[PDB]
Structure formats: structure tokens, C-alpha cells
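Chains as they are written, first to last, in this note's numbering: chain A, 7 to 200; chain B, 7 to 200. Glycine included, every Cβ here is placed at the ideal spot set by N, Cα and C.
Number of protein chains: 2
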Amino acid sequence: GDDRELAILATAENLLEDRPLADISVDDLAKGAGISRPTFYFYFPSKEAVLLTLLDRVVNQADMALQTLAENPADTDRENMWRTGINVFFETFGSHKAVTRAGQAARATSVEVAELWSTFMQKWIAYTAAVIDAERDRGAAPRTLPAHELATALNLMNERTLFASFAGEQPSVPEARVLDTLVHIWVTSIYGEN
Amino acid sequence: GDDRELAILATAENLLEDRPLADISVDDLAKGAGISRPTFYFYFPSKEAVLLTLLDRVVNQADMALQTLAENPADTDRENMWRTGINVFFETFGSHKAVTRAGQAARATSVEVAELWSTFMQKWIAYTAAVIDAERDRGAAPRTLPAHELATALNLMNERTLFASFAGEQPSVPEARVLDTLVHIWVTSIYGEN
Ligand SMILES: O=C(Cn1cc(CNS(=O)(=O)c2ccc(I)cc2)nn1)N1CCC(c2nc(-c3cccs3)no2)CC1
Ligand SMILES: O=C(Cn1cc(CNS(=O)(=O)c2ccc(I)cc2)nn1)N1CCC(c2nc(-c3cccs3)no2)CC1
């Protein structure tokens, strides 16, 4: 029963490796899950709804991993703090490229997908800004840009730059260079007096 | 004759202020241009092709304005140099929000639109990297990240962050704050030793 829902999700993730959601039919999904098409419709109203659930799982896995980090002491220098935090997103979405690619595309045609992404981006921006505020309050970071606006730009850079790297877009930073690139820009802009 | 092509382009830009390309018919475009539908088809094979031409015009206007700056002496401090350069993009695309918004959407469904955008992004990244290289060669900027990878991330941040601001996305930096935000991040990451 839940095996059937999970089988549908796994099929969808597999199939998305090789083709876009448009090129995947409910029949394909039902076939791979070892169920009929009307049984599929018991579990999901559409193939679009299966993508939403896949993306919700990955997004929540990233969010939970960040929350785990936030709850640690984790004694290391400031650069290494930002790196471990950005690395949560690099590894989580990097482990789920087909879902990442499919989810990004579906922001344009799905209000629930756009809303899911927006809700989590606002959360991650708020956490970034709160950590910046703490760094300022302890005297480690200078009071330059408004912390929330800084957080916003840096998070949007990550969104676009991680994605370009994972998709192999032209232009893109090689995936093997993107962590180091993002961390440099976060650290110099957060701690830089100029 | 060219008046007719330009009339079609102007109509399309006007209509895109209020609705997406999907919600605009060839009939609407022909109507606004004061021509018949088959006359329209003489000028453009599709409404999609009209968008491509609009975007090509804006993109080339940004590119030409940047080339003009590059060809100036323009005696000012380094922060102000980057600001005037980023400001080319802020003003050009900011003056053409409907075309910007429509073009961004069409990257997903149009290979010519994706290719146009990619070609210019590669150009602007290469120019950014060349200016960074010059700053390093004169001893003004430190030899930190590979200049082309740095340029790439900073340009992608601008692409996504300018666009979020112009679209009024949640999350976004207010349009009245985005220039200052981008310039801070470019200047600290280019000149920052850490
Ligand atoms: O990268 C992000 C947020 N983010 C995540 C993404 C995902 N990019 S992506 O994979 O290409 C993607 C794009 C679109 C879609 I739909 C799905 C995925 N873009 N931005 N961060 C970096 C680290 C920030 C942070 N770290 C920390 C700490 C580090 C160490 C201790 S606390 N505090 O805040 C939180 C948000
Ligand atoms: O911002 C960019 C490139 N860019 C432009 C954009 C457009 N963003 S946008 O408007 O939201 C948009 C997004 C998507 C689409 I389709 C159309 C528009 N994104 N990135 N720059 C900043 C300045 C860089 C530069 N300045 C300079 C100099 C400054 C002063 C002397 S030389 N040299 O390189 C060149 C590229």
C-alpha cells in the first residue's frame, strides 16, 4: 500500500534520469510500479503530483540536514562553517539531479512547486541572515549591507549556480569547483569590509 | 514594411506587460499592428519568433552599452567601475521587464532562446574574467579563485537576482536595493583576500 506509493516515487525518480516529465506517461509510472493505471490514480491525481512529492522529499531532506547542523556545536573556523552549510545543499540536491532538474522546470507551470520552493528559500534565507546577525553581534562580521538582503542574493546565487553546475549548463562552474567558488563569495561578502 | 515588423514588435512588448505569451494570439499581435493574420506570417513564423526578436534586441542593447563602457577611459574607483558595469544590465533589462520575464520563461521551451541567452552570458562572463585578470595583473586584486569560475558565479547571481527583483518574486531583494547588494558582493569577492 505504502509500498505502492513508494514504488511509484522510485519509478518516477528513475525515469526522470533519462527523460523529462512531459515524456513520461502515467502508464510508464504505473508499469514501473507494477500496478494498473487506475490504481496509480488512487495514489496520485497526476504525474505532476508525483513530481511534487519527490521534490518535497528532497527539499525536506536538505532542510532537516541543515537543522541538524544548526543544532550542533561544530567547532571550526568561519569559512569551514559556511562550507559545511552550503555542502548540505550541494550533496542533497547533487544526489538527486533528475528531481532537481524536473522540479526547477516545473516552477513555471506548477503553483504548488513554485510555492514549495519559495517557502523553503525564505526559510534558508532567514537562517542565513540570522547567522550573519550573530556573526555581526559577536564582532566577527562588519555591519555592511542589510543582512537579509545580503542573505537573499547569496542564496539566489546558490540556487542558480548549483543548478547550472548539476545540469551541465553552458555557462556553469564545473561541479568539482562549485563548492569552493560559492564558499569564497559567501565568506568574502559576509566578512569583507571592502 | 519595416514599419509593419516594428509595429508587430511594439504590440508584442505592450501585450506582454499584461499577460504571458501563451495568452497572446497571433490575432492579437496582427490586430495591434493593424495588419491581417496572413500578413503577420509574412513577417514572423510564430508569436514565439516575435519574442525571440524582442529578446535579441534587448540583449544586444545591453551588450552594446557594455561595449561602450569598455571603450571609455572612465576615471573612477574600482567599486564605481563595477557598479556602472552592473548598472548597464540593471537599467537595460529593468526598462524591459515584460520581455525579460517572457524571455526567461521561454528558455525552457525554446532552443533558440536558450542558445541566445547562453551565447551572451558566455560573452559577459569572459569580459568579467578579463577585467578581473587585468585587476590581478595590476596588483589591485588578489590571486584567489580562478577568475573565469569567479566571473561565472557572479554573473549567474546577477542573472537570477536581477530577475527575481524585476519580477517581484518572493524571495527577492527590493529593486531599489539590488544594485547596491550585487556591487557589494562583486567588490568584496573580487578584491577580498578573505
Ligand atoms: O545553498 C543554500 C540554499 N540553497 C539551496 C539551493 C539549491 N540549489 S539547487 O540544488 O540547484 C536547486 C535549484 C532549484 C530547485 I526546484 C531545487 C534545487 N539554493 N540555495 N544555503 C547555503 C547555506 C546556508 C546556511 N548555512 C549555514 C550554516 C553553516 C554552518 C553552520 S550554520 N547557515 O545558513 C543556508 C542556505
Ligand atoms: O550583470 C551582468 C551580466 N548579467 C546580466 C544579467 C541580466 N539579468 S536579468 O535582467 O534579470 C535577465 C535574466 C534572464 C533573461 I532571458 C534576461 C534578463 N545577468 N547577468 N554583468 C555585470 C557587469 C559585468 C562587467 N562590468 C564590467 C565593467 C564595469 C566597468 C568598466 S568594465 N566588466 O564586466 C558584465 C556582466
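Asked	Found
Cα-Cα separation between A68(B) and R144(B), rounded to whole angstroms	28 Å
Test item: CB-CB of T158(B) and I131(B) under 7 Å	yes
Nonlocal neighbours in the same chain, by C-beta distance under 7 Å from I41(A), ignoring five residues either side	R10
CB of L60(A) within 7 Å of CB of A18(A), strictly	yes
Straight-line Cα distance separating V117(A) from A108(B)	17 Å
Distance between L57(B) and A147(B) (C-alpha atoms, nearest Å)	40 Å
Assigned secondary structure, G38(B) (DSSP; H/G/I helix, E/B strand, else coil)	helix
As assigned by DSSP and simplified to three states, the class of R149(A)	coil
Top-ranked residue by Cα proximity to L72(B), from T90(B), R84(B), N164(B)	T90(B)
Below-7 Å beta-carbon distance, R89(A) vs any chain B residue	no
Contacts that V179(B) makes with chain A (C-beta to C-beta distance below 7 Å)	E155, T158, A159
Within 7 Å, strictly: CB atoms of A13(A) and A39(A)	yes
Cβ of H190(A) within 7 Å of any chain B Cβ	yes
For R43(A) and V32(A), believed in contact at Cβ under 8 Å, the rounded distance	6 Å
As assigned by DSSP and simplified to three states, the class of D24(A)	helix
Ligand 1 heavy atom lying under 6 Å from the CB of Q110(A)	yes
Member of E141(B), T167(B), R142(B) whose CA lies at the smallest distance from the CA of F96(B)	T167(B)
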